[PDB]
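Structure record follows, encoded as structure tokens.
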Amino acid sequence: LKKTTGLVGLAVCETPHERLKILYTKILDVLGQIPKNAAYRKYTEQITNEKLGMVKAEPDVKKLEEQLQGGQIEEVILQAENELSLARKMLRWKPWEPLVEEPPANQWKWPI
Amino acid sequence: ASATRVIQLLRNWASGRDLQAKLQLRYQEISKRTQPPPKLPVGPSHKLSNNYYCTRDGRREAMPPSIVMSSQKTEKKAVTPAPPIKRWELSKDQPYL
Amino acid sequence: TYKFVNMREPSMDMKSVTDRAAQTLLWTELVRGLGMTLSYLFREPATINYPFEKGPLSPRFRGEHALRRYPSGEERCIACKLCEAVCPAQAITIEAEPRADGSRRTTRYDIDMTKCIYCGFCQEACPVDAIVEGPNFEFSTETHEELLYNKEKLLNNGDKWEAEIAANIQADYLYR
Amino acid sequence: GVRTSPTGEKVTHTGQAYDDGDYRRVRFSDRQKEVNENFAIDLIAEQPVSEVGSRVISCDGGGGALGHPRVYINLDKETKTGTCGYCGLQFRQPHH
Amino acid sequence: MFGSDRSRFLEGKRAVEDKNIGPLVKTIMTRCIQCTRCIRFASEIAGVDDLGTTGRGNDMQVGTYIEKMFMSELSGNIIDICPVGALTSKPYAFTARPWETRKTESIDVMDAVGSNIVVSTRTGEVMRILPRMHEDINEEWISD
Amino acid sequence: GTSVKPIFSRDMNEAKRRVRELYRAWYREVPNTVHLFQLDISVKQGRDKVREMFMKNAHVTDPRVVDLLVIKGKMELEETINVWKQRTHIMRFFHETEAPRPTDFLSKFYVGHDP
Amino acid sequence: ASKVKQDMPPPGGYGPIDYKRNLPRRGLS
Amino acid sequence: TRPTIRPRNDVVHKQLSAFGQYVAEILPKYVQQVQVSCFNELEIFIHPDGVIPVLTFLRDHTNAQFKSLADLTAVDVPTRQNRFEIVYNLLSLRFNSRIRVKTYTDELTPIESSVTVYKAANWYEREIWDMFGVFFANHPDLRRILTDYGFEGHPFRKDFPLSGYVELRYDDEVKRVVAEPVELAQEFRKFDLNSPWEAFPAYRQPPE
Amino acid sequence: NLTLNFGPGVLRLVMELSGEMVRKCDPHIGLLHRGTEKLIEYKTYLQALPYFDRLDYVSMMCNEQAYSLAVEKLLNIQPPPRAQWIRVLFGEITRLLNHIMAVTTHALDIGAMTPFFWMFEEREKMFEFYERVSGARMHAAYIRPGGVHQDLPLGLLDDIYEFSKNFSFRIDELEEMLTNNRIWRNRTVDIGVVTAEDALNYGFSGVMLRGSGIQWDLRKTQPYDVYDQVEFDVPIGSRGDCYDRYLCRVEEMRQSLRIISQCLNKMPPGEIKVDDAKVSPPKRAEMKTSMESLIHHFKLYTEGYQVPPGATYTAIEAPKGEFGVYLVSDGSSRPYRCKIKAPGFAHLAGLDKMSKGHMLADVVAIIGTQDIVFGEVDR
Amino acid sequence: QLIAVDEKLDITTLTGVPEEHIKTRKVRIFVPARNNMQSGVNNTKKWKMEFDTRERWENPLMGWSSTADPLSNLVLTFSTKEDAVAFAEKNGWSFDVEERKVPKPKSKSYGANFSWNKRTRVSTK
Ligand code: SF4
Ligand code: SF4
Ligand code: SF4
Ligand code: SF4
Ligand SMILES: [Mg+2]
Ligand SMILES: [Zn+2]
């Protein structure tokens with residue numbers, strides 16, 4: 001097992017496969033409450049399903065790190081946690097609704 | 001420099017290096033303060049023909065930014081702003097200090 | 001590519017541990033630093049003997065401003081007001097009117113040396129090499145007022161420094 | 001050609017000189033008034049008029065790139081002499 | 001904006017002698033581009049046929065062909081229409097630059113027409129007076 | 001319509017309450033500031049100046065403007081508590097060094113062209 | 001006529017420039 | 001396109017356009033417009049109420065993860081009803097990209113502070129309040145950061161005079177530094193450098 | 001728990017102490033705020049160029065390069081290759097000046113004070129290179145939005161080579177006096193530790209990122225001039241303390257020497273400014289002999305060049321971190337807005353977090369390792 | 001959530017402008033007139049708001065020009081007249097607004113110069 005991942009404050013995760021699987025399952029479960037037509041739901045479901053399929057089909061770590069294209073698997077777990085938190089916040093926010101209101105007539109007109 | 005041999009050996013021993021090999025005071029090895037005239041060649045757009053300005057004017061080739069998804073007006077794979085960076089190589093000249 | 005600066009694992013065998021303990025107890029690195037300082041003591045200092053010795057300069061040096069003139073004796077300035085318009089600090093004030101013989105000449109040419117930033121834009125915007133930034137730099141003053149140059153002072157500076165000003169201009173004008 | 005004011009000061013080449021009643025004269029007491037002794041008009045008036053045998057003459061102030069921008073002067077008028085705009089030198093066709 | 005940035009003209013330029021048309025308009029005809037705008041203004045707006053083109057080809061000149069003063073109540077306007085520095089204001093010569101000056105829109109009071117003017121000043125001093133466009137009073141010209 | 005987003009106060013009553021609290025704080029703090037900064041003025045003068053600065057903005061009838069002014073006053077009071085200013089910053093409120101500009105027509109006519 | 005003349009490195013380039021850290025051991029157990 | 005013209009990259013332009021469409025699809029409630037410049041710079045114009053959500057998305061989504069906040073600033077355009085324009089610049093290290101988020105506000109409308117999303121915004125927000133007068137709600141401590149204590153007005157507004165209103169000097173009668181109405185020995189010369197004969201037809205505006 | 005105000009580069013610091021430890025440390029800035037961003041709006045682009053030398057006066061040509069890159073991006077033009085190589089060569093030289101200043105000033109604040117003189121001799125030599133090319137020792141204004149102002153003097157490359165082949169011994173002597181010293185290590189090791197996530201979120205850039213183990217460098221990830229054509233290594237720390245950042249700065253000095261050698265060896269011929277007289281002024285001979293050249297010189301030095309409308313954010317790897325400029329142009333010859341992002345702002349903002357549970361004497365070390373120059377912080 | 005207050009906007013007390021520079025100044029909102037020396041019309045597209053001129057005097061030393069008022073160099077640009085008027089009212093400045101002047105359409109004919117009987121005949125060209 002490798003030691004001193006290199007990023008200060010980031011600890012080495014033993015058995016990262018189980019942590020990644022649990023985090024991805026929780027992300028999918030939270031996404032299940034978002035309405036179907038929301039683009040966030042389908043996009044994040046596709047990304048998470050791809051990551052879960054790649055993590056379940058590779059027992060190694062270095063090869064899994066190369067395949068995930070994130071590198072340093074611990075920060076991949078960190079990004080999974082960040083995505084889960086964002087998914088919960090987004091379920092709270094509900095940004096799939098239409099626009100709040102149009103801007104004024106020449107709000108974004110440049111020059112002047 | 002104008003230093004005696006014994007002092008030179010003392011300095012080389014105390015520092016641990018050969019001071020006279022690489023001195024920090026400039027001597028006659030520097031260039032002269034009087035130099036021959038230069039010539040300074042002209043640029044690429046100094047032709048006498050086939051040099052119309054409308055073909056080499058960068059400013060007028062600038063255009064207003066393109067607009068996508070103006071609010072006033074399928075698999076659909078997810079995209080990223082750019083492909084993820086490749087991992088850096090470990091500098092196979094002096095990897096560790 | 002990247003390097004590691006602090007990724008060395010110290011050896012844990014008896015010899016290395018004893019060496020580190022000897023370094024701790026006998027202060028070897030402190031003695032090495034003392035020896036480095038002592039070696040630096042016995043070499044020639046880099047100090048020059050000002051004001052009898054002066055630091056090196058180049059023809060491009062920017063110093064105290066001056067107003068030049070033609071070999072016939074007529075001032076080069078034609079009141080085009082390009083130097084005033086290009087001055088980033090607005091340190092140049094120009095007023096002009098036709099002369100007695102109808103020549104286009106200035107009646108007032110003031111440079112505020114306490115506002116000037118010595119950027120050299122004035123001497124490179126001039127189309128007749130009238131205003132130049134001379135090579136003098138030892139012109140400190142005891143009062144604020146004497147740093148507000150007028151046309152007479154700048155013309156006096158030009159007449160005073162014209163020799164080496166023209167020499168520097170001749171040496172450098174092929175790079176401009 | 002530096003003149004002297006009726007009060008006693010030297011007159012600048014621009015004709016500036018404080019009159020008798022001006023209080024600003026007090027700035028010169030225990031000091032001096034900076035005046036350039038060489039007047040451009042007098043120095044250029046004593047230059048000889050160049051005699052050239054061409055209708056149009058070119059002037060760049062002497063020195064090439066170290067002078068003023070090159071200009072062309074027409075000398076058809078025999079009454080007076082063509083004067084350079086920048087340098088102030090004079091040119092004239094060979095009359096008689 | 002519309003021209004090139006360099007010259008391939010390797011020959012010598014021409015030079016024409018200056019004309020004298022009075023103490024108001026300073027005349028430097030080497031800068032003339034022969035647009036015949038002053039001629040049209042004098043013939044139509046001012047009704048004075050003093051100006052004209054003498055010569056043929058490259059050496060065709062704009063002037064009076066004789067020592068004559070272009071005198072009229074609207075003589076100064078030829079300074080404004082002339083796109084180049086061929087005709088300039090003699091009293092205003094060598095006094096200021098356009099970017100220095102501040103423009104104040106005001107009314108002329110020397111006559112009862114009330115033509116609109118722009119007072120061009122510089123550091124609290126009036127530099128010059130320019131006409132201001134008003135299609136109902138003075139169009140774009142002012143009197144001398 | 002003319003619907004706007006609030007800052008702190010929904011109506012004028014809450015803005016008035018916040019103004020009152022800010023005035024209470026300034027009134028309480030004036031003597032401590034006078035003692036600590038070693039001012040030449042008295043506590044009466046400082047309280048009068050606080051009252052004058054409060055009454056200077058008495059014509060504001062917009063709750064957003066009122067509570068923005070309250071925020072600015074709270075920031076300035078906090079600045080005064082922690083001795084972030086000095087004597088000069090405190091004393092700039094009194095203009096002891098500026099000449100008194102006149103008000104009547106004749107004096108302004110005499111001094112200059114200023115209307 | 002005259003040929004172009006500006007600052008250029010001499011033919012063959014410049015010599016090697018040392019940049020590696022040089023911290024030697026004086027030597028004693 | 002000779003060597004005097006900056007080369008144009010099309011792959012980055014296409015990638016930025018695709019990501020702008022993707023972002024605008026994910027958050028249709030807040031994004032009002034998306035633009036990609038000719039030099040490959042992507043900017044997103046959103047509603048003021050979407051400062052906290054959108055930023056959070058761009059910081060936490062597995063496909064965006066714009067971790068770093070490079071800069072935060074405001075632009076004053078007095079001709080607009082919504083005077084001030086707030087600009088966020090974000091840098092994503094994972095994808096080696098940059099994005100810009102633009103919002104509008106006025107003198108009295110507050111903008112929710114993004115200290116929770118990016119800590120680096122903290123001082124930046126104070127700077128805005130110091131220079132423009134835009135109030136940020138739920139800020140840990142909002143106060144002046146750059147101007148002098150007791151300074152009246154926000155200098156970076158377009159209607160603020162360049163030299164200010166007061167100047168400092170030392171008075172010996174009161175033995176301290178005092179502030180006076182500003183009086184300049186030489187007035188700042190204003191130059192009318194702008195010229196007629198428009199230079200860029202590609203930016204010409206309709207004659208309304 | 002007493003509160004104290006360390007009053008009057010120059011800095012004011014209000015801090016609470018519970019005995020020896022530091023509870024809260026709030027820095028007050030604004031003592032060098034001159035309002036550069038407002039004064040820029042009243043100047044043309046060429047007139048606004050010299051402000052960037054005053055911005056960060058320890059690294060000047062880097063600020064010039066950042067502003068020039070922003071204006072070039074807005075103008076849709078590119079400089080000739082020789083101008084880019086000069087920019088890169090000078091940028092590397094400036095980086096050495098900045099790193100020498102930072103390391104020596106940090107050591108002097110700690111109390112060493114000998115390497116200060118030892119390396120200020122070399123700083124004086126570098127000033128001469130700056131002076132020979134532009135006539136100014138420090139405020140150069142050499143790099144322009146069209147390239148560089150003037151070509152190199154005929155004897156400059158040889159002198160640069162002669163100077164740069166003896167600098168390695170100076171760095172070695174500095175490391176001998178500082179790197180292995182037990183007092184220096186005790187002063188710096190495990191001081192001001194910042195985690196990678198906190199450094200990213202707190203907006204840090206440059207060594208402060210690289211010291212925490214983050215592999216980020218704008219010259220490698222987003223090269224601007226000729227950087228993708230030069231090979232060099234990027235030092236990376238492992239603990240995030242002051243010692244790691246000091247080692248990173250020394251290694252960056254060595255890699256700067258490497259890049260300087262590469263730039264000296266691979267100097268191309270050609271012109272030094274873009275051959276577009278509507279942006280770059282023509283030569284003096286052309287101005288004094290050609291009519292179009294005279295017109296363009298007049299208009300460039302009186303009114304300036306019009307920049308097409310638009311907003312850009314251009315960032316470079318300055319010696320203190322990511323230095324950026326957000327430039328907004330309305331189509332005229334004067335910029336509408338010029339916001340300046342300096343890494344010192346974010347670093348001093350994070351100073352309070354980085355000085356939690358440290359001694360009073362540790363605050364000076366942390367400030368020194370932040371590489372804080374208040375000209376860029378206050379602007 | 002929304003106050004829905006009905007009153008005119010007034011930020012006079014927040015700008016920090018001195019009272020003598022608010023109730024005494026008189027701003028002017030106008031389309032700047034075309035410079036008669038040039039035929040370009042690109043400088044007469046936007047509206048300009050500028051303050052009235054105040055006293056300038058000669059400096060006793062060096063003869064420079066001195067101004068005692070801060071707002072003298074200030075000029076603002078607005079897209080339309082309504083925006084400038086709204087800005088002036090919001091900042092509490094009394095304003096004078098002048099309608100934009102546009103040159104009337106003129107019919108120009110080349111044929112008129114060589115007229116058979118009308119007086120538009122040109123004497124020379
Ligand atoms: S050097 Fe620069 S600041 Fe000084 S007078 Fe010349 S243009 Fe102005
Ligand atoms: S640029 Fe030269 S000629 Fe023109 S006003 Fe200045 S000094 Fe005189
Ligand atoms: S208007 Fe001027 S340029 Fe045109 S013909 Fe008359 S003098 Fe020549
Ligand atoms: S300003 Fe115009 S008319 Fe005068 S010399 Fe230049 S181009 Fe000719
Ligand atoms: Mg004319
Ligand atoms: Zn001449």
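Letters A, B, ... mark the chains of the structure tokens in the order given; residue numbers begin at 1 per chain; ligand numbers begin at 1, in order shown.
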
Practice problem: Would you list the contacts of range 47-64 of chain D as a ChimeraX atom specification, taking every protein, DNA or RNA residue within 6 Å and counting only C-alpha atoms, but skipping same-chain residues closer than 2 positions in sequence? | Solution: /D:44-45,66-75,87,90-93

Restrict the selected residues to N, CA, C and O atoms and save them as a short mmCIF file (atom, residue, chain, number, x, y, z; two decimals), in the first residue's frame.
data_model
loop_
_atom_site.label_atom_id
_atom_site.label_comp_id
_atom_site.auth_asym_id
_atom_site.auth_seq_id
_atom_site.Cartn_x
_atom_site.Cartn_y
_atom_site.Cartn_z
N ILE D 44 19.71 82.33 -35.47
CA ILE D 44 19.26 81.90 -36.78
C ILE D 44 19.22 83.04 -37.80
O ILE D 44 19.30 82.78 -39.01
N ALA D 45 19.11 84.29 -37.34
CA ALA D 45 19.10 85.41 -38.28
C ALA D 45 20.46 85.64 -38.92
O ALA D 45 20.53 86.25 -40.00
N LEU D 66 18.84 62.13 -37.65
CA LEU D 66 19.01 62.92 -36.44
C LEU D 66 18.41 64.31 -36.54
O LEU D 66 18.41 65.04 -35.54
N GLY D 67 17.92 64.71 -37.70
CA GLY D 67 17.30 66.00 -37.91
C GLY D 67 15.79 65.94 -37.77
O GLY D 67 15.24 65.14 -37.01
N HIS D 68 15.12 66.81 -38.50
CA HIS D 68 13.67 66.89 -38.53
C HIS D 68 13.14 66.14 -39.75
O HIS D 68 13.89 65.76 -40.64
N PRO D 69 11.83 65.88 -39.80
CA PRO D 69 11.26 65.22 -40.98
C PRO D 69 11.55 66.00 -42.25
O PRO D 69 11.52 67.23 -42.27
N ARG D 70 11.84 65.26 -43.33
CA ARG D 70 12.25 65.89 -44.58
C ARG D 70 11.08 66.62 -45.22
O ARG D 70 9.99 66.07 -45.36
N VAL D 71 11.32 67.87 -45.62
CA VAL D 71 10.30 68.70 -46.25
C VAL D 71 10.86 69.29 -47.54
O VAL D 71 12.07 69.33 -47.76
N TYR D 72 9.95 69.73 -48.40
CA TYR D 72 10.30 70.30 -49.69
C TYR D 72 9.82 71.75 -49.74
O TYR D 72 8.69 72.04 -49.35
N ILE D 73 10.68 72.63 -50.24
CA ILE D 73 10.44 74.07 -50.26
C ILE D 73 10.49 74.54 -51.70
O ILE D 73 11.40 74.17 -52.45
N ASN D 74 9.51 75.35 -52.09
CA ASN D 74 9.41 75.91 -53.43
C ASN D 74 10.01 77.31 -53.44
O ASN D 74 9.74 78.13 -52.55
N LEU D 75 10.82 77.59 -54.47
CA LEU D 75 11.57 78.84 -54.55
C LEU D 75 11.19 79.65 -55.79
O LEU D 75 12.02 80.37 -56.34
N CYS D 87 13.67 73.80 -39.19
CA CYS D 87 15.01 74.25 -38.83
C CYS D 87 15.15 75.77 -38.90
O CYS D 87 15.89 76.34 -38.10
N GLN D 90 17.32 79.16 -44.63
CA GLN D 90 16.77 79.85 -45.78
C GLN D 90 17.43 79.36 -47.06
O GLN D 90 18.61 78.99 -47.07
N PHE D 91 16.66 79.37 -48.15
CA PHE D 91 17.15 78.97 -49.46
C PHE D 91 16.68 79.97 -50.50
O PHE D 91 15.65 80.63 -50.33
N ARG D 92 17.44 80.08 -51.58
CA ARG D 92 17.17 81.09 -52.59
C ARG D 92 17.76 80.66 -53.93
O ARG D 92 18.85 80.08 -53.97
N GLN D 93 17.03 80.93 -55.01
CA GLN D 93 17.51 80.65 -56.35
C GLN D 93 18.53 81.70 -56.79
O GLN D 93 18.52 82.83 -56.28
#

Practice problem: Go through the chains and note each residue within 8 Å of ligand 4, using only C-alpha atoms and all ligand atoms, then give the set as a PyMOL selection string. | Solution: (chain E and resi 31-32+83-86) or (chain I and resi 291+295)

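Distance-wise, CA of residue 104 in chain H and CA of residue 81 in chain H end up 9.7 Å apart.
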
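Selecting all polymer residues at most 6 Å from ligand 2, using only C-alpha atoms and all ligand atoms, gives residues 77, 78, 79, 80, 81, 82, 83, 125, 126, 128, 130 and 131 of chain C.
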
Quiz item: Excluding same-chain residues fewer than 3 positions from residue 205 in chain I, what lies within 9 Å of it counting only C-alpha atoms, as a PyMOL selection string?
Solution: (chain H and resi 70) or (chain I and resi 199-200+208-210+216-217+317+320-323+343+346-347)

Quiz item: Of the candidates J:9, J:93, J:125, J:109, which shows the shortest atom-to-atom distance to ligand 3, using only C-alpha atoms and all ligand atoms?
Solution: J:125

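Note that the spacing between CA of residue 92 in chain E and CA of residue 35 in chain J amounts to 16.3 Å.
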
Quiz item: What residues have any atom no more than 9 Å from ligand 3 when counting only C-alpha atoms and all ligand atoms, and can you list them as a VMD selection string?
Solution: chain E and resid 27 to 29 31 to 41 51 to 53 61 to 63 78 to 87

Self-check item: Picked from chain E by DSSP as strand (DSSP E), as a ChimeraX atom specification
Solution: /E:25-27,52-54,61-63,87-89,102-107,116-121,126-131

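Neighbours of range 44-55 of chain I closer than or equal to 8 Å, with only C-alpha atoms counted and sequence neighbours fewer than 6 positions away skipped, come out as residues 86, 87, 88 and 119 of chain C; 36, 61, 63, 64, 67, 139, 140, 141, 144, 145, 303, 304, 333, 334, 335, 375, 376 and 379 of chain I.
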
Write to file, as an mmCIF file, in the first residue's frame, the residues of the selection just made, with C-alpha atoms.
data_model
loop_
_atom_site.group_PDB
_atom_site.id
_atom_site.type_symbol
_atom_site.label_atom_id
_atom_site.label_comp_id
_atom_site.auth_asym_id
_atom_site.auth_seq_id
_atom_site.Cartn_x
_atom_site.Cartn_y
_atom_site.Cartn_z
ATOM 1 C CA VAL C 86 1.935 61.568 -24.244
ATOM 2 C CA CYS C 87 3.186 62.372 -20.723
ATOM 3 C CA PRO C 88 1.552 59.809 -18.401
ATOM 4 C CA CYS C 119 9.498 57.021 -18.328
ATOM 5 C CA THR I 36 -4.287 52.879 -9.678
ATOM 6 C CA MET I 61 8.614 42.971 -16.374
ATOM 7 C CA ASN I 63 3.464 42.811 -14.755
ATOM 8 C CA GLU I 64 4.386 44.419 -18.074
ATOM 9 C CA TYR I 67 -0.706 43.758 -19.314
ATOM 10 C CA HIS I 139 10.864 50.984 -13.569
ATOM 11 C CA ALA I 140 11.741 49.735 -17.046
ATOM 12 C CA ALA I 141 8.584 49.975 -19.207
ATOM 13 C CA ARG I 144 4.916 46.963 -24.657
ATOM 14 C CA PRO I 145 1.557 45.657 -25.943
ATOM 15 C CA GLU I 303 -4.605 59.665 -29.290
ATOM 16 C CA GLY I 304 -3.453 56.036 -29.132
ATOM 17 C CA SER I 333 -8.346 54.449 -26.953
ATOM 18 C CA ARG I 334 -8.804 54.434 -23.159
ATOM 19 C CA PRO I 335 -9.649 51.293 -21.148
ATOM 20 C CA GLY I 375 2.074 47.706 -3.769
ATOM 21 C CA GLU I 376 0.156 44.903 -5.467
ATOM 22 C CA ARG I 379 -3.064 48.942 -5.733
#

Quiz item: Near range 8-13 of chain D, counting only C-alpha atoms, which residues have an atom at most 9 Å away, once you skip same-chain residues fewer than 4 positions from it, shown as a PyMOL selection string?
Solution: (chain C and resi 107+152) or (chain D and resi 1-4+17-18+33-41)

Write the residues of the preceding selection, restricted to N, CA, C and O atoms, as a compact mmCIF listing (two decimals), in the first residue's frame.
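See part.txt below for the written result:
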# COMPACT_ATOMS: atom_id res chain seq x y z
N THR C 107 6.33 79.72 -26.03
CA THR C 107 6.50 80.79 -25.07
C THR C 107 6.62 80.28 -23.64
O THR C 107 7.13 81.01 -22.78
N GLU C 152 13.68 78.28 -19.52
CA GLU C 152 15.05 78.76 -19.37
C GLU C 152 15.94 77.70 -18.74
O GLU C 152 17.07 77.47 -19.20
N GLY D 1 21.19 88.36 -27.91
CA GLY D 1 20.81 89.74 -27.68
C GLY D 1 19.90 89.91 -26.48
O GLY D 1 18.70 90.14 -26.63
N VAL D 2 20.47 89.80 -25.28
CA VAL D 2 19.71 89.91 -24.04
C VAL D 2 19.61 91.38 -23.66
O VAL D 2 20.63 92.06 -23.50
N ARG D 3 18.39 91.86 -23.51
CA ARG D 3 18.14 93.24 -23.12
C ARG D 3 18.00 93.34 -21.60
O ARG D 3 18.07 92.34 -20.88
N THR D 4 17.78 94.55 -21.11
CA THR D 4 17.60 94.81 -19.69
C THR D 4 16.30 95.56 -19.46
O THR D 4 15.98 96.51 -20.19
N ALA D 17 9.13 89.99 -18.38
CA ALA D 17 9.86 90.75 -17.37
C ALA D 17 8.84 91.42 -16.47
O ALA D 17 7.95 92.13 -16.95
N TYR D 18 8.96 91.18 -15.16
CA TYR D 18 8.05 91.82 -14.21
C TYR D 18 8.23 93.33 -14.25
O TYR D 18 9.35 93.85 -14.25
N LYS D 33 17.63 85.41 -11.32
CA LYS D 33 16.61 85.06 -12.31
C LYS D 33 17.28 84.27 -13.43
O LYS D 33 18.19 84.77 -14.09
N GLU D 34 16.82 83.03 -13.63
CA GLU D 34 17.40 82.15 -14.63
C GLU D 34 17.00 82.63 -16.02
O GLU D 34 15.81 82.66 -16.35
N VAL D 35 17.99 83.00 -16.83
CA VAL D 35 17.76 83.49 -18.18
C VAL D 35 18.79 82.86 -19.11
O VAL D 35 19.98 82.83 -18.78
N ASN D 36 18.34 82.35 -20.25
CA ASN D 36 19.25 81.80 -21.25
C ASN D 36 19.83 82.93 -22.09
O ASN D 36 19.09 83.74 -22.65
N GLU D 37 21.16 82.98 -22.18
CA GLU D 37 21.83 84.08 -22.85
C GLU D 37 21.75 83.97 -24.37
O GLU D 37 21.76 84.99 -25.06
N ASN D 38 21.70 82.75 -24.91
CA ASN D 38 21.69 82.54 -26.35
C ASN D 38 20.25 82.57 -26.86
O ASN D 38 19.44 81.71 -26.50
N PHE D 39 19.94 83.56 -27.69
CA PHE D 39 18.61 83.73 -28.26
C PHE D 39 18.56 83.02 -29.61
O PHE D 39 19.42 83.25 -30.47
N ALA D 40 17.54 82.18 -29.79
CA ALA D 40 17.43 81.40 -31.02
C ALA D 40 17.22 82.30 -32.23
O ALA D 40 17.77 82.03 -33.31
N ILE D 41 16.42 83.35 -32.09
CA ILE D 41 16.11 84.22 -33.22
C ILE D 41 17.37 84.92 -33.72
O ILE D 41 17.62 84.99 -34.93

Self-check item: chain J contacts to chain A at 12 Å (only C-alpha atoms) as a list in words
Solution: residues 45, 46, 47, 76, 77, 78, 79, 80 and 83 of chain J

Next, write the just-selected residues to a file, as an mmCIF file, in the first residue's frame, keeping C-alpha atoms as the atom set.
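Contents of again24.cif, freshly written:
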data_model
loop_
_atom_site.group_PDB
_atom_site.id
_atom_site.type_symbol
_atom_site.label_atom_id
_atom_site.label_comp_id
_atom_site.auth_asym_id
_atom_site.auth_seq_id
_atom_site.Cartn_x
_atom_site.Cartn_y
_atom_site.Cartn_z
ATOM 1 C CA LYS J 45 -23.948 59.149 -31.051
ATOM 2 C CA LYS J 46 -24.217 59.045 -27.242
ATOM 3 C CA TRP J 47 -25.580 61.492 -24.684
ATOM 4 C CA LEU J 76 -20.641 60.924 -18.048
ATOM 5 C CA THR J 77 -21.905 58.968 -21.057
ATOM 6 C CA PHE J 78 -25.472 57.673 -21.400
ATOM 7 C CA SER J 79 -27.125 55.626 -24.131
ATOM 8 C CA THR J 80 -30.405 57.578 -24.165
ATOM 9 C CA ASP J 83 -31.263 57.161 -18.655
#

Quiz item: Counting only C-alpha atoms, what is within 12 Å of range 20-29 of chain G, bar same-chain residues fewer than 6 positions away, as number ranges by chain?
Solution: B: 13-17, 93-94, 96-97; C: 5, 14-23, 28-29, 31-32, 35; I: 165, 167-177, 179-180, 233, 247, 250-258
